[PDB]
Amino acid sequence: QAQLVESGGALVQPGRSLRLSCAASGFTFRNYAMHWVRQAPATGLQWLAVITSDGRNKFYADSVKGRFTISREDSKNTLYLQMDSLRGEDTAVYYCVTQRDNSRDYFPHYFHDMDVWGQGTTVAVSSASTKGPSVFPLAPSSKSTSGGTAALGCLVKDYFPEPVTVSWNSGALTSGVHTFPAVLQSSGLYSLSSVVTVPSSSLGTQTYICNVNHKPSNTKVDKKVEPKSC
Amino acid sequence: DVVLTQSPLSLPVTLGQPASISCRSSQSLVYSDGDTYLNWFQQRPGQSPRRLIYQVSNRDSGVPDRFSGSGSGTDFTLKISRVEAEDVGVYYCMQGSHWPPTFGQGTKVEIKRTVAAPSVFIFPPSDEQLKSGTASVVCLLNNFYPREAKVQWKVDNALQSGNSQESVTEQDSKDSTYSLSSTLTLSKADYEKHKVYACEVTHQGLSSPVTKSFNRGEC
């Protein structure tokens, strides 16, 4: 049960620096070479860096060599990526990656497997401002009832950069949830809705709370969604 | 670096039918140990890639038997014997033979399923949003197929243009449907000048256009 959890994604002004972290669990961290890989439309999936199990050797992709630094702190089960001199084209989701197989624990065998991935952390490089979302209820009513189904949701409006996450009732409600892709408004701010479908008969008996997290602005909002009597 | 070219880039497949994805490499992927480090990955939206196949043809633990890999040298194939709903997503080949490890551009597997009419829902703006001077009206089309749908906003029977935005989900991994949001944005002033807010939906699965509407102040 090897697990990787990346942190640190944020909006960065062009030319500035950002450090990402990766917390490793469920495996003996010091026994594994560790990598960073990113994903964007411009780059596709692009390997960036590796550090050996013993920390002595590091290798880097041409695109980031001389700007990005990989390091590890085994006592903290943590991998780092120091990103300097950031550029628009560095805008991407950044993943921590390792492998289950460390049979041949040296170059180039730690490039063969790449089968343990984190959840990713989003880095945006732009001349723009961080803005936390406003969260508004999409109140259920007869107008959001269709046969045996009712819908309710939360509107997560006017934030920058991506991304936001939405849970419902702290994860007790997962069935019928659709969190829509964000759309960029004419203002240059993102907006999305998260909706959940419930039995039509359930309206007026249940408490619905959307849990919104905008890590780049360090914003968290719990918004209660109550029916409109119409 | 080694360039991997996938074909096709979009792969519509009928539920239960076979799928084949090609990966071609700029150079032989045979490494100096005589082994070929060509892997296939499975990525769902907002999810990380998940390895399915390693060293051309070896299935990872827990990977369904319907996934198989073949090929040699510069030409490789991922085959899905019978596509299931949970197979929707983007598939990537990856080579680790000649560092740096590189990935193909991704092939998006789209499921062709039976026609499903959307359920249509409308949401008035919140009092909280109106206090900030803006009104967002949201129309939801839930769990429909195919993706093609027309949403028109009417305010007091006035067809709106250029004041709404749509978002469509990726195909659902259980029922192979899409959902669509349409958001109409008005000033508080324009919102409170009109009574009837209506979402009109056209879809193959609907026998006639469906309207969901509310009267401001009733809701």
Side-chain angles (χ1 to χ4, degrees), chain A residues 2 4-12 14-24 29 32-73 78-99 102 106-126 161-163, chain B residues 1-4 37 39 41 43 47-51 90 92-106:
Chain A
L4 301 175
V5 180
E6 304 89 340
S7 297
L11 178 64
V12 186
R16 299 252 263 283
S17 297
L18 184 71
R19 190 178 75 166
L20 304 184
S21 297
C22 166
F29 180 65
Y32 295 81
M34 297 295 306
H35 311 253
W36 292 95
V37 179
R38 62 183 179 194
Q39 188 171 30
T43 65
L45 274 167
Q46 180 184 39
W47 174 89
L48 299 176
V50 68
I51 185 164
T52 58
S53 63
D54 69 358
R56 276 187 87 264
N57 286 88
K58 305 164 183 194
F59 300 94
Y60 299 99
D62 291 353
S63 56
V64 304
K65 189 170 176 185
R67 297 192 298 121
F68 290 13
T69 307
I70 191 172
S71 63
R72 63 194 301 150
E73 190 55 51
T78 303
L79 185 72
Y80 301 98
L81 189 67
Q82 180 65 52
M83 299 183 292
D84 293 323
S85 308
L86 278 162
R87 305 179 74 82
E89 61 269 26
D90 297 311
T91 296
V93 176
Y94 286 75
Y95 293 100
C96 190
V97 181
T98 191
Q99 53 286 315
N102 59 356
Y106 44 72
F107 176 93
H109 293 272
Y110 42 56
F111 299 124
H112 292 172
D113 285 300
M114 311 297 290
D115 61 340
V116 182
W117 293 67
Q119 55 192 55
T121 189
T122 300
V123 177
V125 185
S126 105
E162 285 263 70
Chain B
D1 305 343
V2 180
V3 175
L4 302 182
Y37 297 103
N39 306 334
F41 291 83
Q43 188 174 33
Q47 282 195 16
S48 66
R50 173 185 167 231
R51 202 178 69 176
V90 181
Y92 297 90
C93 56
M94 191 212 93
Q95 71 82 26
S97 292
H98 310 291
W99 90 285
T102 57
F103 296 82
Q105 57 267 79

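Note on naming: letters A, B, ... go to the chains in the order of the sequence lines (proteins, then strands), and numbering restarts at 1 for each one. Excluded from the calculations below are hydrogen atoms, water molecules and symmetry mates; all remaining heavy atoms, backbone and side chain alike, are included.
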Between the side chains of [X] and [Y], is a donor N or O closer than 3.5 angstrom to an acceptor N or O?
X        : Y        : value
A:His109 : A:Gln99  : no
A:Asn57  : A:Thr52  : no
A:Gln82  : A:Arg19  : no
A:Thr122 : A:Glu162 : no
A:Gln119 : B:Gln47  : no

*What residues form a salt bridge (charged side-chain N to carboxylate O under 4.0 Å, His left out) with A:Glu89, not counting sequence neighbours?*
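Checked A:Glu89 against salt bridge (charged side-chain N to carboxylate O under 4.0 Å, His left out); matches are A:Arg87.
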Tell me, do [X] and [Y] make a side-chain contact under 4.5 Å, heavy atoms counted?
X        : Y        : answer
A:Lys58  : A:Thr69  : yes
A:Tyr60  : A:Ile70  : yes
A:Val116 : A:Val97  : no
A:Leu86  : A:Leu18  : yes
A:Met83  : A:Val123 : yes
A:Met34  : A:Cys96  : yes
B:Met94  : B:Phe41  : yes
B:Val2   : B:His98  : yes

*According to the interplanar angle, ranging from 0 to 90°, do the rings of B:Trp99 and A:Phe111 count as parallel (below 30°), tilted (30 to 60°) or perpendicular (above 60°)?*
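Ring orientation, 0 to 90° scale: parallel.
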*Assign the ring pair A:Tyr94 / A:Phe68 to parallel, tilted or perpendicular, where the plane angle (0 to 90°) is split at 30° and 60°.*
tilted
*Where do A:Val5 and A:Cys22 land on the side chain to side chain contact (heavy atoms under 4.5 Å, CB included) test, with the steps shown first?*
CA-CA 5 Å; A:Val5 180; A:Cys22 166; over 6 Å; no
*Would you call A:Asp84 and A:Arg16 a salt bridge, taking side-chain N to carboxylate O under 4.0 Å as the test?*
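Here A:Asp84 does not pair with A:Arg16 in a salt bridge, since their nearest N and O are not under 4.0 Å apart.
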What closest approach, in Å, do [X] and [Y] show between heavy atoms, and which atom pair accounts for it?
X        : Y        : value
B:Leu4   : B:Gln95  : CD1-N, 3.6 Å
A:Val37  : A:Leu45  : CG1-CD2, 4.2 Å
B:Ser97  : B:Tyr37  : OG-N, 3.1 Å
A:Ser17  : A:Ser85  : OG-N, 4.2 Å
A:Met114 : B:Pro101 : CE-CG, 4.5 Å
A:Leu20  : A:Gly9   : CD2-N, 3.7 Å

Checking the side chain of [X] only, and the main-chain atoms of [Y] only, is there a donor and an acceptor separated by less than 3.5 Å?
X        : Y        : answer
A:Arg72  : A:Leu79  : no
A:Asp113 : A:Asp115 : no
A:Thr98  : A:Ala33  : yes
A:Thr91  : A:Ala124 : no
A:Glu6   : A:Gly120 : yes
B:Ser48  : A:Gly118 : yes

Enter the distance from [X]:[atom1] to [Y]:[atom2] here, rounded to the nearest 0.5 Å.
X        : Y        : atom1 : atom2 : answer
A:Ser53  : A:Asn102 : OG    : CG    : 7.5 Å
B:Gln105 : B:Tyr92  : CD    : OH    : 9.5 Å
B:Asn39  : B:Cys93  : CG    : SG    : 10.0 Å
A:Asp90  : A:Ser63  : CG    : OG    : 7.5 Å
A:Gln46  : A:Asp62  : CD    : CG    : 9.5 Å
A:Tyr32  : A:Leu4   : OH    : CG    : 11.5 Å

*asked:* Using ring-ring contact (aromatic ring centres under 6.0 Å, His included), reason through A:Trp36 and A:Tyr95 one step at a time and then give a plain yes or no.
replied: CA-CA 6 Å; A:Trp36 292 95; A:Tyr95 293 100; 9.4 Å; no
